[PDB]
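The next block is coords.txt, given as compact mmCIF, C-alpha atoms and all ligand atoms.
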```
# COMPACT_ATOMS: atom_id res chain seq x y z
CA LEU A 1 1.23 -8.15 21.20
CA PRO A 2 0.53 -5.11 19.01
CA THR A 3 -1.78 -5.34 16.04
CA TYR A 4 -1.16 -2.96 13.19
CA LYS A 5 -4.16 -2.31 10.92
CA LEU A 6 -2.77 -1.47 7.48
CA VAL A 7 -4.90 -0.10 4.66
CA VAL A 8 -4.05 -0.39 0.97
CA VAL A 9 -5.63 2.27 -1.26
CA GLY A 10 -5.34 3.38 -4.90
CA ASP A 11 -7.07 3.31 -8.30
CA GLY A 12 -8.54 0.19 -9.85
CA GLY A 13 -5.91 -2.12 -11.34
CA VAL A 14 -2.79 -0.65 -9.68
CA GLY A 15 -2.02 -3.92 -7.88
CA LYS A 16 -3.43 -3.50 -4.34
CA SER A 17 -4.60 -7.13 -4.31
CA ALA A 18 -1.47 -8.53 -5.97
CA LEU A 19 0.74 -6.69 -3.46
CA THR A 20 -1.32 -7.99 -0.51
CA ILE A 21 -1.49 -11.65 -1.67
CA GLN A 22 2.24 -11.57 -2.52
CA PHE A 23 2.99 -10.26 1.01
CA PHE A 24 0.75 -12.70 2.91
CA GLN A 25 0.73 -15.81 0.69
CA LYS A 26 3.93 -15.48 -1.37
CA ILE A 27 2.22 -16.14 -4.73
CA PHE A 28 1.43 -14.08 -7.81
CA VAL A 29 -1.69 -15.17 -9.74
CA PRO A 30 -2.19 -13.12 -12.94
CA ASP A 31 -5.64 -11.59 -13.55
CA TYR A 32 -7.03 -12.77 -10.22
CA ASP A 33 -9.44 -10.25 -8.77
CA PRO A 34 -10.96 -11.56 -5.55
CA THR A 35 -14.62 -12.61 -5.63
CA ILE A 36 -15.21 -11.69 -1.98
CA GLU A 37 -13.53 -9.24 0.39
CA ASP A 38 -10.62 -11.08 1.99
CA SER A 39 -9.12 -9.97 5.32
CA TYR A 40 -5.45 -10.63 5.99
CA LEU A 41 -3.90 -11.52 9.32
CA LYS A 42 -0.34 -12.61 10.14
CA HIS A 43 2.29 -12.72 12.88
CA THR A 44 5.53 -11.26 11.58
CA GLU A 45 8.86 -10.18 13.03
CA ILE A 46 10.04 -6.68 12.09
CA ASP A 47 13.38 -5.43 13.44
CA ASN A 48 13.23 -8.31 15.99
CA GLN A 49 9.82 -7.11 17.28
CA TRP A 50 6.81 -9.34 16.66
CA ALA A 51 3.53 -7.87 15.48
CA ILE A 52 0.21 -8.95 14.09
CA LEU A 53 -0.42 -7.40 10.69
CA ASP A 54 -4.11 -6.84 9.99
CA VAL A 55 -4.54 -5.74 6.40
CA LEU A 56 -7.47 -4.45 4.39
CA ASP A 57 -7.36 -4.97 0.63
CA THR A 58 -9.86 -2.25 -0.32
CA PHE A 59 -20.12 0.85 -0.16
CA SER A 60 -18.53 -1.30 2.57
CA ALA A 61 -18.93 -1.11 6.34
CA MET A 62 -15.64 -3.00 6.53
CA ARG A 63 -13.72 -0.53 4.33
CA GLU A 64 -14.89 2.54 6.27
CA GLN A 65 -14.15 0.80 9.59
CA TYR A 66 -10.54 0.27 8.42
CA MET A 67 -10.32 3.80 7.00
CA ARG A 68 -11.33 5.05 10.47
CA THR A 69 -9.23 2.69 12.61
CA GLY A 70 -6.21 2.04 10.36
CA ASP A 71 -2.75 2.61 11.84
CA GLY A 72 -1.12 3.22 8.46
CA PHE A 73 -1.83 3.52 4.75
CA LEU A 74 -0.20 2.31 1.58
CA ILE A 75 -1.09 4.67 -1.26
CA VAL A 76 -0.48 2.70 -4.43
CA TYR A 77 -0.33 3.80 -8.02
CA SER A 78 0.85 1.96 -11.09
CA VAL A 79 3.83 3.40 -12.97
CA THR A 80 2.11 2.26 -16.20
CA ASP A 81 -1.05 4.27 -15.39
CA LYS A 82 -0.58 8.06 -15.34
CA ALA A 83 -4.13 8.71 -14.06
CA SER A 84 -3.54 6.47 -11.06
CA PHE A 85 -0.58 8.72 -10.14
CA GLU A 86 -2.62 11.90 -10.81
CA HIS A 87 -5.29 10.50 -8.48
CA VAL A 88 -2.86 9.94 -5.57
CA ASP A 89 -3.87 13.37 -4.20
CA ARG A 90 -7.51 12.24 -3.79
CA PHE A 91 -6.34 9.39 -1.60
CA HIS A 92 -3.92 11.49 0.42
CA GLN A 93 -6.62 14.14 1.05
CA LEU A 94 -9.27 11.50 1.84
CA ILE A 95 -7.02 9.88 4.49
CA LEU A 96 -6.14 13.14 6.28
CA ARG A 97 -9.84 14.12 6.41
CA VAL A 98 -11.04 10.83 7.89
CA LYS A 99 -8.30 10.89 10.52
CA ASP A 100 -8.68 14.66 10.95
CA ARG A 101 -4.89 15.07 11.12
CA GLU A 102 -2.31 17.09 9.19
CA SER A 103 -0.14 14.00 8.82
CA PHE A 104 -0.67 10.24 9.27
CA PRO A 105 1.58 7.14 8.74
CA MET A 106 1.65 6.44 5.00
CA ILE A 107 3.91 5.32 2.16
CA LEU A 108 3.68 6.16 -1.52
CA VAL A 109 4.02 2.91 -3.50
CA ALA A 110 4.92 2.95 -7.20
CA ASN A 111 3.87 -0.50 -8.44
CA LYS A 112 4.46 -2.57 -11.64
CA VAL A 113 8.02 -1.31 -12.19
CA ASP A 114 8.71 -4.70 -13.78
CA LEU A 115 6.73 -3.51 -16.85
CA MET A 116 9.63 -1.29 -17.88
CA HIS A 117 8.60 -0.65 -21.49
CA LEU A 118 5.18 0.50 -20.25
CA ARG A 119 6.41 2.93 -17.59
CA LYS A 120 4.69 6.32 -17.91
CA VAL A 121 5.60 7.77 -14.50
CA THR A 122 9.31 8.28 -13.86
CA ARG A 123 11.19 7.61 -10.60
CA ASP A 124 11.82 11.35 -10.14
CA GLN A 125 8.14 12.27 -10.59
CA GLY A 126 7.28 9.71 -7.92
CA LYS A 127 9.96 10.96 -5.56
CA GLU A 128 8.92 14.60 -6.08
CA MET A 129 5.30 13.69 -5.22
CA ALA A 130 6.34 11.85 -2.05
CA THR A 131 8.52 14.85 -1.10
CA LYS A 132 5.56 17.21 -1.58
CA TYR A 133 3.61 15.10 0.98
CA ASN A 134 6.69 14.41 3.14
CA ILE A 135 6.12 10.62 3.10
CA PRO A 136 8.42 7.74 2.04
CA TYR A 137 8.54 6.55 -1.56
CA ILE A 138 9.14 2.96 -2.67
CA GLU A 139 8.93 1.05 -5.95
CA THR A 140 7.46 -2.45 -6.04
CA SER A 141 6.62 -5.37 -8.24
CA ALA A 142 4.11 -7.98 -7.02
CA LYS A 143 5.16 -10.28 -9.88
CA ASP A 144 7.63 -13.12 -9.08
CA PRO A 145 10.33 -12.63 -8.14
CA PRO A 146 8.76 -9.78 -6.12
CA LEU A 147 10.45 -6.41 -5.49
CA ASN A 148 10.19 -4.53 -2.17
CA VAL A 149 6.92 -6.21 -1.17
CA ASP A 150 7.99 -7.22 2.39
CA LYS A 151 10.00 -4.01 2.72
CA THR A 152 6.93 -1.93 1.82
CA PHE A 153 4.72 -3.48 4.50
CA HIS A 154 7.54 -3.61 7.07
CA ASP A 155 8.48 0.02 6.37
CA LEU A 156 4.91 1.18 7.06
CA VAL A 157 5.08 -0.57 10.43
CA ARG A 158 8.44 1.19 11.01
CA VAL A 159 6.77 4.52 10.21
CA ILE A 160 3.99 3.75 12.73
CA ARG A 161 6.50 2.70 15.41
CA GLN A 162 8.71 5.76 14.88
CA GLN A 163 5.95 8.35 15.09
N1 LIG A 201 3.47 -7.17 -14.29
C1 LIG A 201 2.80 -6.85 -13.16
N2 LIG A 201 1.48 -7.04 -13.11
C2 LIG A 201 0.94 -6.68 -11.93
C3 LIG A 201 1.58 -6.17 -10.82
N3 LIG A 201 0.68 -5.93 -9.80
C4 LIG A 201 -0.48 -6.29 -10.30
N4 LIG A 201 -0.40 -6.76 -11.59
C5 LIG A 201 -1.50 -7.24 -12.44
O1 LIG A 201 -2.39 -6.16 -12.70
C6 LIG A 201 -3.78 -6.60 -12.62
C7 LIG A 201 -4.56 -5.80 -11.58
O2 LIG A 201 -4.03 -6.10 -10.30
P1 LIG A 201 -4.89 -6.05 -8.99
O3 LIG A 201 -3.95 -6.55 -7.95
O4 LIG A 201 -6.14 -6.84 -9.12
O5 LIG A 201 -5.25 -4.56 -8.81
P2 LIG A 201 -6.22 -3.92 -7.78
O6 LIG A 201 -5.64 -2.62 -7.40
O7 LIG A 201 -6.49 -4.86 -6.67
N5 LIG A 201 -7.60 -3.65 -8.55
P3 LIG A 201 -9.00 -3.32 -7.84
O8 LIG A 201 -8.97 -1.90 -7.31
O9 LIG A 201 -10.00 -3.28 -8.93
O10 LIG A 201 -9.24 -4.39 -6.83
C8 LIG A 201 -3.71 -8.12 -12.41
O11 LIG A 201 -3.71 -8.75 -13.68
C9 LIG A 201 -2.34 -8.32 -11.76
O12 LIG A 201 -1.78 -9.59 -12.01
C10 LIG A 201 2.99 -5.98 -10.86
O13 LIG A 201 3.73 -5.53 -9.97
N6 LIG A 201 3.53 -6.35 -12.10
MG MG A 202 -8.19 -5.84 -5.93
```

Kindly return the structure encoded in the file as structure tokens.
Amino acid sequence: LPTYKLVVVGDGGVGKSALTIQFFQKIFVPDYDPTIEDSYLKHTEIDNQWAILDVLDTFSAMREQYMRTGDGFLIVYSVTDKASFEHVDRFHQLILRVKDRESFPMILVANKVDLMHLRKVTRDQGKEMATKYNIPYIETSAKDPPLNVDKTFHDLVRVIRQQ
């Protein structure tokens, strides 16, 4: 029974926590930022193959353990936060250095696309960035009813399996 350690990274406020709690617990709780580090563990079936998903919602010995051991990374920015998108490169570079690899399983996640009037990063900008890194691109909303939240996590597992 394979365990996949997934790591969610990105700037403050982009929705790492909201995405994770939506995926594991199927709720959206506005302006909830966890008091303590919460680990996430669940059995789920992806393309008929069962897996344990072990997720870190990112000093911390825990963080750096997951950065080192992680099987795949979600790199999240918010479409309403241009800086968060500009900072994606820091996260991409950080991950490749820690894994000492030229590529590693990862998905670029453009979150908060429900806030349409506030969108500062276009679909095509996002897609062009993902292309530059040769990684998948997906748009999400953690807000109910959620968009692409299961697909995002399941797709990362698919990337890991198909490497
Ligand atoms: N409308 C909308 N709000 C969202 C979405 N995702 C997160 N939010 C909201 O944005 C705020 C910040 O989200 P949060 O999940 O805590 O972000 P974070 O990346 O975990 N922040 P941190 O790095 O500081 O832990 C919260 O108020 C949350 O409800 C989304 O898809 N749509
Ligand atoms: Mg958080």

Inset, instruction - Set the cut-off to 6 Å, count only C-alpha atoms and all ligand atoms, and list whatever residues fall near ligand MG 202 (chain A) as a ChimeraX atom specification. - result: /A:16-17,33

Okay, now the selection with C-alpha atoms, as a PDB file, in the coordinates of the input?
```pdb
ATOM      1  CA  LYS A  16      -3.430  -3.500  -4.340  1.00  0.00           C
ATOM      2  CA  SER A  17      -4.600  -7.130  -4.310  1.00  0.00           C
ATOM      3  CA  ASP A  33      -9.440 -10.250  -8.770  1.00  0.00           C
TER       4      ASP A  33
END
```

Inset, instruction - Choose the residue, out of A:56, A:106, A:62, A:94, that has the smallest atom-to-atom separation from ligand LIG 201 (chain A); count all atoms listed in the file. - result: A:56

Inset, instruction - Rank A:88, A:159, A:121, A:115 by their smallest atom-to-atom distance to residue A:133, using all atoms listed in the file, and report the top residue only. - result: A:88

Sorted by chain and rising residue number, which residues of chain A lie within 10 Å of ligand LIG 201 (chain A), and what are their closest atom pairs and distances in Å to one decimal, counting all atoms listed in the file, as CSV?
```
residue,atom,partner,partner_atom,distance
A:8,CA,A:LIG201,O6,8.8
A:9,CA,A:LIG201,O6,7.8
A:10,CA,A:LIG201,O6,6.5
A:11,CA,A:LIG201,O8,5.6
A:12,CA,A:LIG201,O8,3.3
A:13,CA,A:LIG201,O5,3.6
A:14,CA,A:LIG201,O6,4.1
A:15,CA,A:LIG201,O3,3.3
A:16,CA,A:LIG201,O6,3.9
A:17,CA,A:LIG201,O3,3.7
A:18,CA,A:LIG201,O3,3.7
A:19,CA,A:LIG201,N3,6.4
A:20,CA,A:LIG201,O3,8.0
A:21,CA,A:LIG201,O3,8.5
A:22,CA,A:LIG201,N3,9.3
A:28,CA,A:LIG201,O12,6.9
A:29,CA,A:LIG201,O12,6.0
A:30,CA,A:LIG201,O12,3.7
A:31,CA,A:LIG201,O11,3.4
A:32,CA,A:LIG201,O4,6.1
A:33,CA,A:LIG201,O4,4.8
A:34,CA,A:LIG201,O10,7.5
A:35,CA,A:LIG201,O10,9.9
A:37,CA,A:LIG201,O10,9.7
A:57,CA,A:LIG201,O7,7.4
A:58,CA,A:LIG201,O10,6.9
A:76,CA,A:LIG201,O6,8.0
A:77,CA,A:LIG201,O6,8.4
A:78,CA,A:LIG201,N3,8.0
A:79,CA,A:LIG201,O13,9.4
A:80,CA,A:LIG201,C1,9.6
A:110,CA,A:LIG201,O13,9.0
A:111,CA,A:LIG201,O13,5.3
A:112,CA,A:LIG201,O13,3.5
A:113,CA,A:LIG201,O13,6.4
A:114,CA,A:LIG201,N6,5.7
A:115,CA,A:LIG201,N1,5.5
A:116,CA,A:LIG201,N1,9.2
A:118,CA,A:LIG201,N1,9.9
A:139,CA,A:LIG201,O13,9.3
A:140,CA,A:LIG201,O13,6.2
A:141,CA,A:LIG201,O13,3.4
A:142,CA,A:LIG201,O13,3.9
A:143,CA,A:LIG201,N6,4.8
A:144,CA,A:LIG201,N6,8.5
A:145,CA,A:LIG201,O13,9.9
A:146,CA,A:LIG201,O13,7.6
A:147,CA,A:LIG201,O13,8.1
A:149,CA,A:LIG201,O13,9.4
```

Legend entry - Surrounding residues of residue A:152 excluding itself and chain neighbours under 6 positions, 8 Å, all atoms listed in the file, as a VMD selection string: chain A and resid 107 109 138 140

Report, as JSON, the centre and edge lengths in Å (one decimal) of the axis-aligned box enclosing every listed atom of stretch 75-79 of chain A, padded by 8 Å on each side.
```
{"center_x": 1.4, "center_y": 3.3, "center_z": -7.1, "size_x": 20.9, "size_y": 18.7, "size_z": 27.7}
```

Where atoms are absent from stretch 100-125 of chain A, fill them in so it carries N, CA, C and O atoms, then output it as a compact mmCIF listing (two decimals), in the frame of the given file.
```
# COMPACT_ATOMS: atom_id res chain seq x y z
N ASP A 100 -8.75 13.27 10.50
CA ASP A 100 -8.68 14.66 10.95
C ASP A 100 -7.30 14.98 11.53
O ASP A 100 -7.18 15.37 12.69
N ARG A 101 -6.27 14.79 10.71
CA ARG A 101 -4.89 15.07 11.12
C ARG A 101 -4.13 15.71 9.96
O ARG A 101 -4.50 15.53 8.79
N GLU A 102 -3.08 16.47 10.27
CA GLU A 102 -2.31 17.09 9.19
C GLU A 102 -1.31 16.12 8.58
O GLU A 102 -0.89 16.30 7.43
N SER A 103 -0.94 15.09 9.34
CA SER A 103 -0.14 14.00 8.82
C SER A 103 -0.58 12.68 9.46
O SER A 103 -1.15 12.68 10.56
N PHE A 104 -0.35 11.58 8.76
CA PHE A 104 -0.67 10.24 9.27
C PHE A 104 0.26 9.20 8.60
O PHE A 104 0.60 9.38 7.43
N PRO A 105 0.68 8.15 9.33
CA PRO A 105 1.58 7.14 8.74
C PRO A 105 1.12 6.61 7.37
O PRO A 105 0.04 6.04 7.23
N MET A 106 1.95 6.84 6.36
CA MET A 106 1.65 6.44 5.00
C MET A 106 2.90 6.37 4.13
O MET A 106 3.90 7.10 4.36
N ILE A 107 2.83 5.49 3.13
CA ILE A 107 3.91 5.32 2.16
C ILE A 107 3.34 5.38 0.76
O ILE A 107 2.28 4.80 0.48
N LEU A 108 4.03 6.11 -0.11
CA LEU A 108 3.68 6.16 -1.52
C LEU A 108 4.37 5.00 -2.24
O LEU A 108 5.61 4.91 -2.25
N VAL A 109 3.55 4.14 -2.84
CA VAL A 109 4.02 2.91 -3.50
C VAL A 109 3.82 3.00 -5.01
O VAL A 109 2.69 3.11 -5.50
N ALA A 110 4.92 2.94 -5.75
CA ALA A 110 4.92 2.95 -7.20
C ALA A 110 5.06 1.51 -7.70
O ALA A 110 6.15 0.97 -7.74
N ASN A 111 3.92 0.90 -8.04
CA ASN A 111 3.87 -0.50 -8.44
C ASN A 111 4.03 -0.78 -9.95
O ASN A 111 3.85 0.12 -10.80
N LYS A 112 4.35 -2.04 -10.27
CA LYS A 112 4.46 -2.57 -11.64
C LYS A 112 5.73 -2.13 -12.35
O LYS A 112 5.77 -2.10 -13.58
N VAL A 113 6.78 -1.81 -11.59
CA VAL A 113 8.02 -1.31 -12.19
C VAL A 113 8.73 -2.40 -13.00
O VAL A 113 9.70 -2.12 -13.72
N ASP A 114 8.24 -3.63 -12.90
CA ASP A 114 8.71 -4.70 -13.78
C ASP A 114 8.31 -4.47 -15.24
O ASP A 114 9.02 -4.91 -16.14
N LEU A 115 7.20 -3.77 -15.48
CA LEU A 115 6.73 -3.51 -16.85
C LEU A 115 7.44 -2.28 -17.42
O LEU A 115 6.83 -1.23 -17.68
N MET A 116 8.75 -2.43 -17.65
CA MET A 116 9.63 -1.29 -17.88
C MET A 116 9.35 -0.54 -19.16
O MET A 116 9.50 0.70 -19.20
N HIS A 117 8.92 -1.27 -20.20
CA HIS A 117 8.60 -0.65 -21.49
C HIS A 117 7.29 0.14 -21.44
O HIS A 117 7.04 0.99 -22.30
N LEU A 118 6.49 -0.12 -20.41
CA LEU A 118 5.18 0.50 -20.25
C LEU A 118 5.17 1.65 -19.25
O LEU A 118 4.12 2.22 -18.98
N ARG A 119 6.33 1.97 -18.68
CA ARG A 119 6.41 2.93 -17.59
C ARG A 119 6.18 4.34 -18.10
O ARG A 119 6.88 4.81 -19.00
N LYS A 120 5.16 4.99 -17.52
CA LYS A 120 4.69 6.32 -17.91
C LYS A 120 4.96 7.36 -16.82
O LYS A 120 4.85 8.56 -17.07
N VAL A 121 5.28 6.89 -15.61
CA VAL A 121 5.60 7.77 -14.50
C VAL A 121 7.03 7.47 -14.09
O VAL A 121 7.34 6.35 -13.67
N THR A 122 7.90 8.47 -14.19
CA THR A 122 9.31 8.28 -13.86
C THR A 122 9.56 8.17 -12.35
O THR A 122 8.71 8.53 -11.54
N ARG A 123 10.75 7.67 -11.99
CA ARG A 123 11.19 7.61 -10.60
C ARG A 123 11.18 9.00 -9.94
O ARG A 123 10.73 9.15 -8.79
N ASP A 124 11.67 10.00 -10.67
CA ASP A 124 11.82 11.35 -10.14
C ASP A 124 10.48 12.06 -9.92
O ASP A 124 10.34 12.80 -8.96
N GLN A 125 9.52 11.82 -10.81
CA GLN A 125 8.14 12.27 -10.59
C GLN A 125 7.56 11.68 -9.30
O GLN A 125 6.93 12.39 -8.52
```
